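Observations on the three-dimensional arrangement
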Amino acid sequence: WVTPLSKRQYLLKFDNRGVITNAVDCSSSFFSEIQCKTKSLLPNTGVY
Amino acid sequence: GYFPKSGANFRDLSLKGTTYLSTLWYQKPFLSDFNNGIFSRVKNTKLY
Amino acid sequence: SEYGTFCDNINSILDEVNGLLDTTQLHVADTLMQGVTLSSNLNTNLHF
Amino acid sequence: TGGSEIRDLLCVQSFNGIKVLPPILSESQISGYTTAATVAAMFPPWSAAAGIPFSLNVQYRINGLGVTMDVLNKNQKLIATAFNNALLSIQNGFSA
Amino acid sequence: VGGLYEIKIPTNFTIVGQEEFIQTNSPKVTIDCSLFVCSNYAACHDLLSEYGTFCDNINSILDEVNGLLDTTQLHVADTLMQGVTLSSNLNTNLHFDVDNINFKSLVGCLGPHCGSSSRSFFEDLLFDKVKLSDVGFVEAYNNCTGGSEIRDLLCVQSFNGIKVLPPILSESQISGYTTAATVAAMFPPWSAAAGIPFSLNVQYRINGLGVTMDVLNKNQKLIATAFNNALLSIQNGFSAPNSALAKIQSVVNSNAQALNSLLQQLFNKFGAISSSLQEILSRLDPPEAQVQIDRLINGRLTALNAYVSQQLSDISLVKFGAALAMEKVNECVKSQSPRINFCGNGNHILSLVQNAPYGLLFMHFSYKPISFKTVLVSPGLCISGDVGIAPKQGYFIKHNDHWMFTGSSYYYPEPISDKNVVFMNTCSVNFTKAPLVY
Amino acid sequence: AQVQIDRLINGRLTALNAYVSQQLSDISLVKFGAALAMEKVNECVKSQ
Amino acid sequence: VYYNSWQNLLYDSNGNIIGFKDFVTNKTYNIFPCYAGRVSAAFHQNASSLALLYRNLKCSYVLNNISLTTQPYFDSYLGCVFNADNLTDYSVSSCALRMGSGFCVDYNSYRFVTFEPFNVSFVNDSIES
Ligand SMILES: *[C@@H]1O[C@H](CO)[C@@H](O[C@@H]2O[C@H](CO)[C@@H](O[C@@H]3O[C@H](CO)[C@@H](O)[C@H](O)[C@@H]3O)[C@H](O)[C@H]2NC(C)=O)[C@H](O)[C@H]1NC(C)=O
Ligand SMILES: *[C@@H]1O[C@H](CO)[C@@H](O[C@@H]2O[C@H](CO)[C@@H](O)[C@H](O)[C@H]2NC(C)=O)[C@H](O)[C@H]1NC(C)=O
Ligand SMILES: *[C@@H]1O[C@H](CO)[C@@H](O[C@@H]2O[C@H](CO)[C@@H](O)[C@H](O)[C@H]2NC(C)=O)[C@H](O)[C@H]1NC(C)=O
Ligand SMILES: *[C@@H]1O[C@H](CO)[C@@H](O)[C@H](O)[C@H]1NC(C)=O
Ligand SMILES: *[C@@H]1O[C@H](CO)[C@@H](O)[C@H](O)[C@H]1NC(C)=O
Ligand SMILES: *[C@@H]1O[C@H](CO)[C@@H](O)[C@H](O)[C@H]1NC(C)=O
Ligand SMILES: *[C@@H]1O[C@H](CO)[C@@H](O)[C@H](O)[C@H]1NC(C)=O
């Protein structure tokens, strides 16, 4: 399986042992934008 | 960084033959533009 | 983007201000409705 | 987005990221609450008028200023007419 | 129908308690502008000195703001202590309940022999749910040189010149003042309770709502038990998602958020090659390092001016809140002003005050109807020689085919008399005719 | 273009901070006005 | 335990270095900032010296790691106090040099004393009927 790379901004989450457990492509979707704005994988309940 | 676009597609570019080679296998869309780069997900085919 | 948190601060202060207005409008409406008891027979098309 | 030839400044402000949002309660809801608070003085249980008829509340309030009860309960029609004339004077005074 | 209207009059009642936190204070933030803008770097302190008074202006505004908070805290404490007279025989280790009403949880240690233990059980229960009170900040900063592997943001803020100072009066002193103001209603001379026993003051306040004294002075045990049950319900209510406790935590959270945003301003580049003075001064010589450092100085000084302008705006709201809290101490706790919804919602009986992190917590007690009777009432009667009578805090009712009075807040038919009547030399129209009365 | 755009960014961010500081000041007066209006509803309309 | 074979530096969310592994010895260290802070100096116009408060610092830390001085010192609730007599048992009803938490500096030398601006009025009457 092959997909193109490009220069993009990601949110990255590192666990307590330094493994990347999750990531978010900030411009990929509206929910991805809320996640990057709040720097969290599960944003608080609210209107953004 | 150089990351995939989330929600874009991977293409499965692997080809398996037995005896004959198709001349279409050595043209677009298989022969592909590199641009900035590529991300690959590769199945390790564990034979016995 | 190299000015970082400046736009985040502007958005955060305006969201606080607008939340103060919303909370104030609720407290005014609560003050108007406090203790109001009406008859279910009341119909302002005939009683005025 | 109506396609009009009119160049409203509110549209130009909104396209430059400046926009006024509506309040969480509409002015129609608030006018419902002020209507309810007003009729709460008209009819029993008179919950906004100290638990008595509005005309008696008006009469007792005027009496509290140092006006004898005798002229108030004798002139009740004149007092009610003065009251609703004052209300009409406020409404008409918005046209000035 | 005829001269009478249908009204629901209460036939039974209880006392309900409602909490109200009012903010009267805020964390005293102090900034060292020189340490915040330039850290330890001499090449930056040189350039910052060519900006002249900007750090002097930032320090002067924050010193004025913090002086306004200090003056406000003194005026609140003065308001709590105003007029309070206590017996020197009073000992809260033995004297904690009167007339079947229990105040043990609202009263701390009284007098200096017990030290800083003057916080009440109620105030203890309220303070234990808020980490960053005044003593909370003092302990957090005490731990910054403890060598702990825990990287507290309060330590990082303080090392960047952002620190919260303690208030001029400790919360333990304020808790002593709220304790003294509470016991001033409990025992003679009753200096906070109009000079009469607390239970009689409660009884007269309920009677003032239109409840006959005859039910009150026979139900005195039921009223006292309703009162202390309401107080227990207020205490238990802090274990739930309480709106007063939420408001108190929001004071700490909004402060911690503002300080955190001000610290994050150090890491912005403001269009310079880096946000670190260490990196600039290890990459460039003075002629170009000056150009980069000057961008950081303008960015950081702009962030301080923005934070100062927000702080001035917020402390205006803190002064407004403290002025309201002093007005409630005067007109709800120390006395009962004739203002309907001022001391909380509904039929307000009486109010009490306890200390709280950055404010005061008021308990408002209200007369709450439990059940109702629909009855036919007359707002007035025309009697004898067309003399008019109107009821005081009540209604005229037909009972047993006889005209009788009842209080408006509790259904209890009692005989009509000059004690419960307003006379008029002429009866109004639509007063019910009753020639047989008096 | 960076040197010019950075002057526009500083001008526009300075204008937003000024407008924010004015808005906070005005909303303090709106809260004061609403507190007075609730006091008049309670002490003039619902009671005397 | 978190350093893999290609990794030697530990970073925080802001991009400060907060730890490292030494390339030669493979030993691992956390990095902490050196202490920084102000001195709260109380001054009276009738005095020849300052009373100094090192907020939240114990006097052993001030003397060992910041500076030695000839002045007398003690550990108050607020931190190490220099050139003032510990008199928190004493109390004053007015104070020009307010330090916080009901503590005041007073000047005759300097004294460190409690600030108690308000009193209850006391009467010796019986509480009981
Ligand atoms: C009227 O005067 C009497 C006598 O001075 C007062 O009675 C006393 O009231 C207290 C409650 O405030 C009673 O305390 C109770 O003691 C029992 C243990 O005996 C305990 O289980 C209860 O929880 C409560 O603490 C006290 O016993 C009682 N003393 C007497 C001799 O009756 C009364 O409070 C005064 N006021 C009124 C409105 O009656
Ligand atoms: C420090 O750690 C490095 C990395 O593990 C050690 O270097 C490796 O040592 C093993 C065993 O001798 C070799 O098989 C590897 O080829 C070495 N190199 C690498 C890049 O892995 C090194 O010996 C350690 N030194 C000390 C003093 O502890
Ligand atoms: C500062 O002075 C105060 C007041 O004299 C000291 O506090 C007393 O200390 C003794 C011994 O621990 C206790 O028995 C007293 O009960 C304390 N009184 C109070 C009001 O707390 C304090 O220990 C002194 N501190 C230093 C470092 O000198
Ligand atoms: C009033 O209500 C309480 C609680 O429901 C009840 O215990 C009491 O018996 C009631 N009294 C009357 C007179 O209804
Ligand atoms: C301060 O440090 C001590 C010892 O590590 C610890 O017991 C205490 O809970 C800490 N308090 C705070 C607020 O960090
Ligand atoms: C307060 O009480 C103490 C102890 O009796 C006394 O020393 C002090 O002078 C009093 N101050 C005031 C203002 O009453
Ligand atoms: C109360 O104080 C006064 C004045 O010192 C004194 O005359 C009186 O005897 C005292 N009474 C008691 C019970 O201490």
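Residues numbered from 1 in each chain as written, not as in the entry; some residues may be left out. Chains lettered and ligands numbered in written order. Part of a larger assembly, values for the part shown. Heavy atoms only, no water.

Structure determination for this entry is recorded as cryo-EM, at 3.01 Å resolution.

1. A few points about the site of ligand 3
All names here are of chain G. Taken together, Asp-75, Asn-86 and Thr-88 form the complete shell of residues around ligand 3. Here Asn-86 contributes a side-chain N or O atom positioned 2.3 Å from an oxygen atom of ligand 3. Taken by itself ligand 3 offers 600 Å² of open surface, and the protein chains cover 25% of this. (Near = heavy atom within 4 Å. Polar contact = N/O pair within 3.5 Å; in protein donor to acceptor, adjacent residues only side chain to side chain. Areas by Shrake-Rupley, 256 points an atom, 1.4 Å probe, with all protein chains shown as cover.)

2. Quick notes on the packing of helix α3 (residues 54-81) of chain E against helix α7 (residues 171-183) of chain E
All names here are of chain E. Running from N to C, α3 and α7 cross one another at 25°; their axes reach a closest spacing of 9 Å. With respect to each other, α3 and α7 are oriented roughly parallel. Between α3 and α7 the crossing geometry is left-handed. Here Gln-73, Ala-77, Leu-80 and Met-81 of α3 come into contact with α7, specifically with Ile-174, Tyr-177, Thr-178, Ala-180 and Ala-181. Residues of the contact of α3 with α7, tallied by class, amount to seven nonpolar, two polar and no charged. (Axes fitted to C-alpha atoms, helices over the stretch in contact; angles between N-to-C directions. Helix = DSSP H or I, 4+ residues; strand = E, 2+ residues; numbered from the N terminus. Parallel < 35°, antiparallel > 145°, perpendicular 65-115°, else oblique. Left-handed = near helix turned anticlockwise from the far one by under 90°. Contact = heavy atoms within 4.5 Å. Nonpolar A, V, L, I, M, F, W, Y, C, P; charged D, E, K, R; others polar.)

3. Examining the nonpolar core
Counting 119 residues, the largest nonpolar core has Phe-198 and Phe-365 of chain E as its most contacted members. Counting residues per element, this core draws most heavily on helix α13 (residues 286-333) of chain E, which supplies 13 residues. Setting aside residues no more than four positions away along its own chain, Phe-365 of chain E makes contact with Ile-15, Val-16, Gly-17, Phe-227, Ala-230, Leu-231, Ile-234, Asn-347, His-348, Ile-349, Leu-350 and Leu-352 of chain E. Counting 14 residues, the second-largest nonpolar core is a separate cluster that includes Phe-74, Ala-84, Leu-97 and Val-105 of chain G. (Core = buried A, V, L, I, M, F, W, Y, C linked by side-chain atoms within 4.5 Å. Buried < 20%, exposed > 50% of the residue type's maximum accessible area, 1.4 Å probe, protein only.)

4. Describing the interface of chain A and chain B
Of the residues lining the interface, eleven residues belong to chain A; the matching set on chain B comes to 17 residues. When chain A packs against chain B, the two sides together hide about 1700 Å² of surface, and 58% of this comes from carbon and sulfur. If you look at where chain A meets chain B, you find zero salt bridges. At the junction of chain A with chain B, the criterion picks out nine residue pairs in polar contact. Looking at which element gives the most residues to the side of chain A that touches chain B, the answer is strand β1 (residues 2-7) of chain A, with six residues. In terms of residue class, the side of chain A that touches chain B is built from five nonpolar, three polar and three charged. Of the strand pairs in this sheet, β1 of chain A and strand β1 (residues 2-4) of chain B are connected by three bridges, and their pairing is antiparallel. The partner of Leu-5 of chain A across the bridge, within β1 of chain B, is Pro-4 of chain B. (Buried area = accessible area lost by both parts, 1.4 Å probe. Salt bridge = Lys/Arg side-chain N within 4 Å of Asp/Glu carboxyl O. Pairing = 2+ DSSP bridges.)

5. Considering the UniProt feature "disulfide bond" in chain E
Residue and element names in this part refer to chain E. Only sulfur pairs under 2.5 Å apart are read as disulfides, and the UniProt pair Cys-144 and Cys-155, at 2.0 Å, is one of them here. Taken as a pair, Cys-144 in the loop between α5 (134-142) and α6 (153-159) and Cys-155 in helix α6 lie far apart in primary sequence, eleven residues in all. Accessibility assignment for this pair places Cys-144 and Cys-155 in one class, buried. (Disulfide = S-S within 2.5 Å. UniProt positions renumbered as here; feature names shortened; annotations may be inferred.)

6. Brief notes about the UniProt feature "disulfide bond" in chain A
Residue and element names in this part refer to chain A. Checking the UniProt disulfide annotation for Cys-26 and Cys-36 gives a sulfur-sulfur distance of 2.0 Å, short enough (under 2.5 Å) to count the bond as formed. On the criterion of sequence distance, the pair formed by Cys-26 in the loop between β3 (20-25) and α1 (30-38) and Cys-36 in helix α1 is long-range, its members being ten residues apart. Each of the two residues, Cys-26 as well as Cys-36, counts as buried.

7. What about the packing of aromatic side chains?
One pair of aromatic rings is described through two measures. These are the centre distance and the angle between the planes. Under the definition given, this model contains 25 aromatic pairs over all chains. A ring pair is formed by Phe-10 of chain B and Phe-39 of chain B, whose centres lie 6.1 Å apart and whose planes are at 45°; its orientation type is tilted. Here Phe-10 of chain B, found in the loop between β1 and β2 (38-40), pairs with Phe-39 of chain B, found in strand β2; they are 29 residues apart in sequence, far enough to count as distant. Taken together, the aromatic side chains of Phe-103, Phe-198, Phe-227 and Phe-365 of chain E make up a single cluster linked through ring pairs. The aromatic ring of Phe-342 of chain E is capped on one face by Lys-328 of chain E, whose charged end is 5.3 Å from the ring centroid. (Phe/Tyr/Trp six-rings, centres within 6.5 Å; stacked < 30°, edge-to-face > 60°. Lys NZ or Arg CZ within 6 Å of the ring centre and 35° of its normal.)

8. A look at the arrangement of the chains
Once contacts are tallied for each of the nine pairs of chains in contact, the highest total is for chains E and G. Kept free of each other, chain B and chain F leave a smallest C-alpha distance of 23 Å between them.

9. Some thoughts on the interface of chain G and chain E
On the chain E side, the residues contacting the 33 residues of chain G number 39 residues. Summing both partners gives a buried area of about 3300 Å² for chain G against chain E, and 59% of it is carried by carbon and sulfur. Seen at the junction of chain G and chain E, the total is zero salt bridges. Where chain G meets chain E, there are 17 residue pairs in polar contact. Of all elements in the fold, only β9 (97-100) and β12 (121-123) of chain G reach the threshold of two or more residues within the side of chain G that touches chain E. Element by element, the count of residues in the side of chain G that touches chain E is highest for β12 of chain G, at three residues.

10. Some points on helix α10 (residues 220-237) of chain E
The first and last C-alpha atoms of α10 of chain E sit 26 Å apart over 18 residues, in line with the 26 Å expected at 1.5 Å per residue. Within α10 of chain E, the full set of buried residues consists of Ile-223, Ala-224, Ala-226, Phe-227, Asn-228, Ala-230, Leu-231, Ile-234, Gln-235 and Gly-237 of chain E. (Expected span 1.5 Å × (residues − 1).)

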